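Notes for the one structure printed next.
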Amino acid sequence: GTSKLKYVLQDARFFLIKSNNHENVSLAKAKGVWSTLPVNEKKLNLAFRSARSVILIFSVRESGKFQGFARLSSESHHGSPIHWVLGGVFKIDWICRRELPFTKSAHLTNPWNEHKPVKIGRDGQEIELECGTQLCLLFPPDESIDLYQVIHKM
């Protein structure tokens, strides 16, 4: 079902994360971590303190798709070295590891990026609440993830 997902997304904040390659998203999916440039690190740390859930929605540049979305479980901290393909490290809990093609989100516009389609935005672009909620609900359900665990951290 979608009820626990909607609960996690209630009053959440949403950020578009762009990656240059699939390897970095695969690493983040396996290790439950993400790292970003300092200008975005500061914004995510501010948002983590401000909202019950902060959701990162990932897209690999030129893939034409989103690769999934996750929730921040920590502020950034400075751990084991991650061999990214090229600041601090955020811990993240994945909510959906399934893909969504850009074609399926063509009806969604982001008020915080001039009402451009939500697929459009620089790495770190915030997505307004309604658009972000609708985008996350478009993804295929990831039956391998139990959101009971995610709820306990809020």
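Residue numbers start at 1 in each chain; chains themselves are named A, B, ... in the order of the structure tokens; ligands are numbered from 1 in the order shown.
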Sorted per-residue table, range 52-118 of chain A near range 124-143 of chain A, closest atoms and distance, 12 Å, only C-alpha atoms, as CSV:
```
residue,atom,partner,partner_atom,distance
A:53,CA,A:129,CA,11.3
A:54,CA,A:126,CA,10.4
A:55,CA,A:132,CA,8.7
A:56,CA,A:124,CA,8.8
A:57,CA,A:136,CA,8.1
A:58,CA,A:124,CA,10.1
A:59,CA,A:124,CA,11.2
A:65,CA,A:139,CA,10.8
A:66,CA,A:139,CA,8.9
A:67,CA,A:139,CA,9.4
A:68,CA,A:139,CA,7.7
A:69,CA,A:136,CA,7.5
A:70,CA,A:136,CA,10.1
A:71,CA,A:136,CA,11.6
A:94,CA,A:142,CA,9.9
A:95,CA,A:142,CA,7.6
A:96,CA,A:142,CA,5.3
A:97,CA,A:142,CA,6.6
A:98,CA,A:142,CA,6.4
A:99,CA,A:139,CA,6.9
A:100,CA,A:139,CA,5.6
A:101,CA,A:139,CA,9.0
A:102,CA,A:135,CA,10.3
A:103,CA,A:138,CA,11.2
A:104,CA,A:138,CA,7.6
A:105,CA,A:135,CA,6.8
A:106,CA,A:135,CA,10.1
A:107,CA,A:131,CA,9.8
A:108,CA,A:131,CA,6.2
A:109,CA,A:131,CA,6.6
A:110,CA,A:127,CA,5.9
A:111,CA,A:128,CA,6.3
A:112,CA,A:128,CA,6.1
A:113,CA,A:125,CA,7.6
A:114,CA,A:127,CA,10.9
A:115,CA,A:131,CA,10.0
A:116,CA,A:127,CA,10.8
A:117,CA,A:131,CA,9.8
A:118,CA,A:127,CA,7.5
```
Just list as a PDB file with N, CA, C and O atoms, in the first residue's frame whatever in range 1-141 of chain A DSSP marks as alpha helix (DSSP H).
```
ATOM      1  N   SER A   3       0.016   3.981   2.368  1.00  0.00           N
ATOM      2  CA  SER A   3      -0.296   4.798   3.542  1.00  0.00           C
ATOM      3  C   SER A   3       0.952   5.127   4.350  1.00  0.00           C
ATOM      4  O   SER A   3       1.146   6.279   4.751  1.00  0.00           O
ATOM      5  N   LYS A   4       1.809   4.132   4.617  1.00  0.00           N
ATOM      6  CA  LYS A   4       3.012   4.452   5.384  1.00  0.00           C
ATOM      7  C   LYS A   4       3.924   5.391   4.602  1.00  0.00           C
ATOM      8  O   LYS A   4       4.561   6.274   5.196  1.00  0.00           O
ATOM      9  N   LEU A   5       3.966   5.243   3.279  1.00  0.00           N
ATOM     10  CA  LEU A   5       4.739   6.170   2.457  1.00  0.00           C
ATOM     11  C   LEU A   5       4.209   7.587   2.602  1.00  0.00           C
ATOM     12  O   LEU A   5       4.982   8.530   2.825  1.00  0.00           O
ATOM     13  N   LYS A   6       2.886   7.761   2.501  1.00  0.00           N
ATOM     14  CA  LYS A   6       2.314   9.099   2.665  1.00  0.00           C
ATOM     15  C   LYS A   6       2.618   9.675   4.044  1.00  0.00           C
ATOM     16  O   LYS A   6       2.846  10.881   4.182  1.00  0.00           O
ATOM     17  N   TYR A   7       2.618   8.831   5.082  1.00  0.00           N
ATOM     18  CA  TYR A   7       2.966   9.294   6.423  1.00  0.00           C
ATOM     19  C   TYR A   7       4.397   9.815   6.473  1.00  0.00           C
ATOM     20  O   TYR A   7       4.658  10.877   7.051  1.00  0.00           O
ATOM     21  N   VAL A   8       5.339   9.086   5.869  1.00  0.00           N
ATOM     22  CA  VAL A   8       6.735   9.525   5.870  1.00  0.00           C
ATOM     23  C   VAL A   8       6.890  10.862   5.145  1.00  0.00           C
ATOM     24  O   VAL A   8       7.693  11.714   5.547  1.00  0.00           O
ATOM     25  N   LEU A   9       6.120  11.069   4.074  1.00  0.00           N
ATOM     26  CA  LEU A   9       6.216  12.262   3.239  1.00  0.00           C
ATOM     27  C   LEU A   9       5.432  13.449   3.786  1.00  0.00           C
ATOM     28  O   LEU A   9       5.572  14.560   3.258  1.00  0.00           O
ATOM     29  N   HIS A  22      26.224   6.457 -12.880  1.00  0.00           N
ATOM     30  CA  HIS A  22      25.457   5.449 -12.158  1.00  0.00           C
ATOM     31  C   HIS A  22      26.234   4.870 -10.985  1.00  0.00           C
ATOM     32  O   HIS A  22      25.626   4.475  -9.985  1.00  0.00           O
ATOM     33  N   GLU A  23      27.565   4.793 -11.092  1.00  0.00           N
ATOM     34  CA  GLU A  23      28.359   4.185 -10.026  1.00  0.00           C
ATOM     35  C   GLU A  23      28.127   4.869  -8.677  1.00  0.00           C
ATOM     36  O   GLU A  23      28.043   4.198  -7.643  1.00  0.00           O
ATOM     37  N   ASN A  24      27.997   6.200  -8.664  1.00  0.00           N
ATOM     38  CA  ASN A  24      27.832   6.896  -7.391  1.00  0.00           C
ATOM     39  C   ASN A  24      26.460   6.629  -6.779  1.00  0.00           C
ATOM     40  O   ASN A  24      26.329   6.528  -5.558  1.00  0.00           O
ATOM     41  N   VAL A  25      25.424   6.518  -7.612  1.00  0.00           N
ATOM     42  CA  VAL A  25      24.104   6.178  -7.088  1.00  0.00           C
ATOM     43  C   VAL A  25      24.092   4.742  -6.570  1.00  0.00           C
ATOM     44  O   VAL A  25      23.503   4.446  -5.521  1.00  0.00           O
ATOM     45  N   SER A  26      24.768   3.832  -7.278  1.00  0.00           N
ATOM     46  CA  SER A  26      24.860   2.453  -6.807  1.00  0.00           C
ATOM     47  C   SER A  26      25.573   2.370  -5.462  1.00  0.00           C
ATOM     48  O   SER A  26      25.149   1.628  -4.571  1.00  0.00           O
ATOM     49  N   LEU A  27      26.655   3.138  -5.296  1.00  0.00           N
ATOM     50  CA  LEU A  27      27.343   3.196  -4.012  1.00  0.00           C
ATOM     51  C   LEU A  27      26.415   3.705  -2.913  1.00  0.00           C
ATOM     52  O   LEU A  27      26.369   3.144  -1.814  1.00  0.00           O
ATOM     53  N   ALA A  28      25.677   4.778  -3.193  1.00  0.00           N
ATOM     54  CA  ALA A  28      24.760   5.340  -2.206  1.00  0.00           C
ATOM     55  C   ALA A  28      23.664   4.356  -1.837  1.00  0.00           C
ATOM     56  O   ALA A  28      23.207   4.330  -0.686  1.00  0.00           O
ATOM     57  N   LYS A  29      23.204   3.559  -2.812  1.00  0.00           N
ATOM     58  CA  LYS A  29      22.179   2.558  -2.532  1.00  0.00           C
ATOM     59  C   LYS A  29      22.729   1.421  -1.684  1.00  0.00           C
ATOM     60  O   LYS A  29      22.008   0.868  -0.845  1.00  0.00           O
ATOM     61  N   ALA A  30      23.994   1.058  -1.889  1.00  0.00           N
ATOM     62  CA  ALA A  30      24.573  -0.055  -1.143  1.00  0.00           C
ATOM     63  C   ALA A  30      24.996   0.362   0.260  1.00  0.00           C
ATOM     64  O   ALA A  30      24.858  -0.417   1.209  1.00  0.00           O
ATOM     65  N   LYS A  31      25.499   1.588   0.414  1.00  0.00           N
ATOM     66  CA  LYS A  31      26.109   2.036   1.659  1.00  0.00           C
ATOM     67  C   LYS A  31      25.213   2.950   2.487  1.00  0.00           C
ATOM     68  O   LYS A  31      25.527   3.204   3.655  1.00  0.00           O
ATOM     69  N   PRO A  38      29.792  21.830  -0.642  1.00  0.00           N
ATOM     70  CA  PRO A  38      29.459  22.609   0.565  1.00  0.00           C
ATOM     71  C   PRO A  38      28.225  23.496   0.468  1.00  0.00           C
ATOM     72  O   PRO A  38      27.499  23.627   1.461  1.00  0.00           O
ATOM     73  N   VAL A  39      27.957  24.116  -0.682  1.00  0.00           N
ATOM     74  CA  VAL A  39      26.772  24.966  -0.761  1.00  0.00           C
ATOM     75  C   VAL A  39      25.501  24.147  -0.538  1.00  0.00           C
ATOM     76  O   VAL A  39      24.560  24.605   0.120  1.00  0.00           O
ATOM     77  N   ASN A  40      25.465  22.913  -1.056  1.00  0.00           N
ATOM     78  CA  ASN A  40      24.312  22.048  -0.827  1.00  0.00           C
ATOM     79  C   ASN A  40      24.345  21.403   0.553  1.00  0.00           C
ATOM     80  O   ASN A  40      23.285  21.197   1.164  1.00  0.00           O
ATOM     81  N   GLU A  41      25.539  21.078   1.059  1.00  0.00           N
ATOM     82  CA  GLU A  41      25.653  20.518   2.404  1.00  0.00           C
ATOM     83  C   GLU A  41      25.031  21.443   3.443  1.00  0.00           C
ATOM     84  O   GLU A  41      24.303  20.992   4.336  1.00  0.00           O
ATOM     85  N   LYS A  42      25.298  22.747   3.337  1.00  0.00           N
ATOM     86  CA  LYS A  42      24.727  23.692   4.289  1.00  0.00           C
ATOM     87  C   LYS A  42      23.208  23.711   4.212  1.00  0.00           C
ATOM     88  O   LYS A  42      22.528  23.791   5.241  1.00  0.00           O
ATOM     89  N   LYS A  43      22.654  23.658   2.998  1.00  0.00           N
ATOM     90  CA  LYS A  43      21.202  23.703   2.847  1.00  0.00           C
ATOM     91  C   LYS A  43      20.543  22.437   3.381  1.00  0.00           C
ATOM     92  O   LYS A  43      19.470  22.498   3.996  1.00  0.00           O
ATOM     93  N   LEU A  44      21.169  21.281   3.163  1.00  0.00           N
ATOM     94  CA  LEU A  44      20.588  20.040   3.661  1.00  0.00           C
ATOM     95  C   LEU A  44      20.656  19.968   5.182  1.00  0.00           C
ATOM     96  O   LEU A  44      19.721  19.480   5.829  1.00  0.00           O
ATOM     97  N   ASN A  45      21.735  20.483   5.777  1.00  0.00           N
ATOM     98  CA  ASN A  45      21.815  20.482   7.234  1.00  0.00           C
ATOM     99  C   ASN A  45      20.752  21.395   7.836  1.00  0.00           C
ATOM    100  O   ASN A  45      20.099  21.032   8.821  1.00  0.00           O
ATOM    101  N   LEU A  46      20.546  22.574   7.235  1.00  0.00           N
ATOM    102  CA  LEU A  46      19.468  23.453   7.677  1.00  0.00           C
ATOM    103  C   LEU A  46      18.116  22.759   7.552  1.00  0.00           C
ATOM    104  O   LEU A  46      17.288  22.806   8.470  1.00  0.00           O
ATOM    105  N   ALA A  47      17.881  22.098   6.418  1.00  0.00           N
ATOM    106  CA  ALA A  47      16.597  21.438   6.201  1.00  0.00           C
ATOM    107  C   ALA A  47      16.391  20.260   7.153  1.00  0.00           C
ATOM    108  O   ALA A  47      15.278  20.050   7.653  1.00  0.00           O
ATOM    109  N   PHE A  48      17.446  19.487   7.427  1.00  0.00           N
ATOM    110  CA  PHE A  48      17.307  18.345   8.329  1.00  0.00           C
ATOM    111  C   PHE A  48      16.816  18.774   9.707  1.00  0.00           C
ATOM    112  O   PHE A  48      16.042  18.053  10.352  1.00  0.00           O
ATOM    113  N   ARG A  49      17.269  19.936  10.188  1.00  0.00           N
ATOM    114  CA  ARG A  49      16.816  20.437  11.481  1.00  0.00           C
ATOM    115  C   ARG A  49      15.409  21.019  11.424  1.00  0.00           C
ATOM    116  O   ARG A  49      14.792  21.216  12.476  1.00  0.00           O
ATOM    117  N   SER A  50      14.886  21.279  10.222  1.00  0.00           N
ATOM    118  CA  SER A  50      13.672  22.065  10.050  1.00  0.00           C
ATOM    119  C   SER A  50      12.419  21.235   9.803  1.00  0.00           C
ATOM    120  O   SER A  50      11.312  21.766   9.954  1.00  0.00           O
ATOM    121  N   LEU A 129       6.637  21.241  -1.774  1.00  0.00           N
ATOM    122  CA  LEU A 129       5.974  20.121  -1.100  1.00  0.00           C
ATOM    123  C   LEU A 129       4.998  19.349  -1.988  1.00  0.00           C
ATOM    124  O   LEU A 129       5.034  18.115  -2.031  1.00  0.00           O
ATOM    125  N   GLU A 130       4.077  20.043  -2.661  1.00  0.00           N
ATOM    126  CA  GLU A 130       3.058  19.314  -3.415  1.00  0.00           C
ATOM    127  C   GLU A 130       3.673  18.567  -4.591  1.00  0.00           C
ATOM    128  O   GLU A 130       3.377  17.384  -4.816  1.00  0.00           O
ATOM    129  N   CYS A 131       4.541  19.239  -5.341  1.00  0.00           N
ATOM    130  CA  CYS A 131       5.203  18.604  -6.467  1.00  0.00           C
ATOM    131  C   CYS A 131       6.074  17.439  -6.005  1.00  0.00           C
ATOM    132  O   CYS A 131       6.065  16.375  -6.631  1.00  0.00           O
ATOM    133  N   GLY A 132       6.808  17.615  -4.902  1.00  0.00           N
ATOM    134  CA  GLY A 132       7.661  16.537  -4.418  1.00  0.00           C
ATOM    135  C   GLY A 132       6.873  15.331  -3.956  1.00  0.00           C
ATOM    136  O   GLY A 132       7.255  14.190  -4.229  1.00  0.00           O
ATOM    137  N   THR A 133       5.760  15.565  -3.260  1.00  0.00           N
ATOM    138  CA  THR A 133       4.902  14.459  -2.844  1.00  0.00           C
ATOM    139  C   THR A 133       4.367  13.703  -4.049  1.00  0.00           C
ATOM    140  O   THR A 133       4.433  12.468  -4.102  1.00  0.00           O
ATOM    141  N   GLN A 134       3.855  14.432  -5.039  1.00  0.00           N
ATOM    142  CA  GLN A 134       3.298  13.777  -6.216  1.00  0.00           C
ATOM    143  C   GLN A 134       4.367  12.997  -6.965  1.00  0.00           C
ATOM    144  O   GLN A 134       4.100  11.900  -7.468  1.00  0.00           O
ATOM    145  N   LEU A 135       5.578  13.551  -7.062  1.00  0.00           N
ATOM    146  CA  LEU A 135       6.663  12.858  -7.743  1.00  0.00           C
ATOM    147  C   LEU A 135       6.985  11.542  -7.054  1.00  0.00           C
ATOM    148  O   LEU A 135       7.095  10.503  -7.710  1.00  0.00           O
ATOM    149  N   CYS A 136       7.112  11.566  -5.724  1.00  0.00           N
ATOM    150  CA  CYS A 136       7.465  10.338  -5.016  1.00  0.00           C
ATOM    151  C   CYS A 136       6.369   9.289  -5.150  1.00  0.00           C
ATOM    152  O   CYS A 136       6.668   8.092  -5.250  1.00  0.00           O
ATOM    153  N   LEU A 137       5.101   9.712  -5.175  1.00  0.00           N
ATOM    154  CA  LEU A 137       4.007   8.760  -5.352  1.00  0.00           C
ATOM    155  C   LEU A 137       3.935   8.171  -6.759  1.00  0.00           C
ATOM    156  O   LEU A 137       3.231   7.169  -6.950  1.00  0.00           O
ATOM    157  N   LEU A 138       4.646   8.740  -7.741  1.00  0.00           N
ATOM    158  CA  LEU A 138       4.658   8.164  -9.086  1.00  0.00           C
ATOM    159  C   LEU A 138       5.576   6.950  -9.201  1.00  0.00           C
ATOM    160  O   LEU A 138       5.373   6.121 -10.093  1.00  0.00           O
TER     161      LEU A 138
END
```
message: Given only C-alpha atoms as the basis, pick out the residue of A:120, A:154, A:33, A:86 nearest to residue 15 in chain A.
response: A:120
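Between CA of residue 11 in chain A and CA of residue 149 in chain A the separation is 18.7 Å.
Closest approach to residue 60 in chain A from the set A:77, A:83, A:13, A:119 is made by A:119, with distances taken over only C-alpha atoms.
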query: Can you tell me how far CA of residue 152 in chain A sits from CA of residue 80 in chain A, in Å to one decimal?
result: 25.8 Å
- prompt: Quick one: DSSP strand (DSSP E) residues in range 17-150 of chain A, as a PyMOL selection string?
  reply: chain A and resi 17-19+33-34+54-60+65-66+68-72+90-96+100-101+109-110+116-117+126-127
Could the residues in this selection be written to a file with C-alpha atoms, as an mmCIF file, in the first residue's frame?
```cif
data_model
loop_
_atom_site.group_PDB
_atom_site.id
_atom_site.type_symbol
_atom_site.label_atom_id
_atom_site.label_comp_id
_atom_site.auth_asym_id
_atom_site.auth_seq_id
_atom_site.Cartn_x
_atom_site.Cartn_y
_atom_site.Cartn_z
ATOM 1 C CA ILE A 17 20.088 15.296 -6.424
ATOM 2 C CA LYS A 18 21.937 14.998 -9.743
ATOM 3 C CA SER A 19 24.800 12.543 -10.205
ATOM 4 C CA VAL A 33 25.340 7.494 2.371
ATOM 5 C CA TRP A 34 25.578 10.639 0.268
ATOM 6 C CA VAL A 54 14.056 15.482 4.212
ATOM 7 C CA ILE A 55 13.808 13.481 0.961
ATOM 8 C CA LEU A 56 16.543 13.293 -1.696
ATOM 9 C CA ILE A 57 15.340 12.319 -5.190
ATOM 10 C CA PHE A 58 18.202 11.023 -7.352
ATOM 11 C CA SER A 59 18.772 11.372 -11.094
ATOM 12 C CA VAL A 60 21.810 10.338 -13.170
ATOM 13 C CA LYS A 65 15.183 8.809 -15.386
ATOM 14 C CA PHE A 66 15.137 9.158 -11.627
ATOM 15 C CA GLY A 68 14.985 6.348 -6.543
ATOM 16 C CA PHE A 69 14.577 8.421 -3.390
ATOM 17 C CA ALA A 70 15.813 8.310 0.207
ATOM 18 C CA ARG A 71 15.353 10.121 3.527
ATOM 19 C CA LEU A 72 18.135 11.865 5.446
ATOM 20 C CA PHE A 90 25.002 12.234 5.214
ATOM 21 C CA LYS A 91 23.448 8.958 6.287
ATOM 22 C CA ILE A 92 20.326 8.121 4.252
ATOM 23 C CA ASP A 93 17.575 5.485 4.430
ATOM 24 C CA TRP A 94 16.296 4.431 1.025
ATOM 25 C CA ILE A 95 12.547 4.564 0.488
ATOM 26 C CA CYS A 96 12.478 3.421 -3.152
ATOM 27 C CA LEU A 100 10.997 6.407 -12.809
ATOM 28 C CA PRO A 101 11.305 7.710 -16.396
ATOM 29 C CA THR A 109 6.029 21.517 -12.356
ATOM 30 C CA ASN A 110 8.246 22.818 -9.544
ATOM 31 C CA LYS A 116 9.737 24.178 -14.993
ATOM 32 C CA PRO A 117 9.135 20.402 -15.211
ATOM 33 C CA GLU A 126 14.528 22.217 -3.671
ATOM 34 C CA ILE A 127 11.204 20.821 -4.887
#
```
field: Interatomic distance, CA of residue 64 in chain A to CA of residue 85 in chain A (Å, one decimal)
entry: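 A separation of 20.0 Å between them.
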Of the listed residues A:61, A:153, A:122, A:52, that which approaches residue 12 in chain A most closely, counting only C-alpha atoms: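 Smallest separation from residue 12 in chain A among the options: A:52.
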query: For residue 37 in chain A, which residue among A:75, A:88, A:146, A:151 is the nearest when counting only C-alpha atoms?
result: A:88
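Distances here use only C-alpha atoms; by that measure, the residue among A:2, A:35, A:20, A:10 closest to residue 89 in chain A is A:35.
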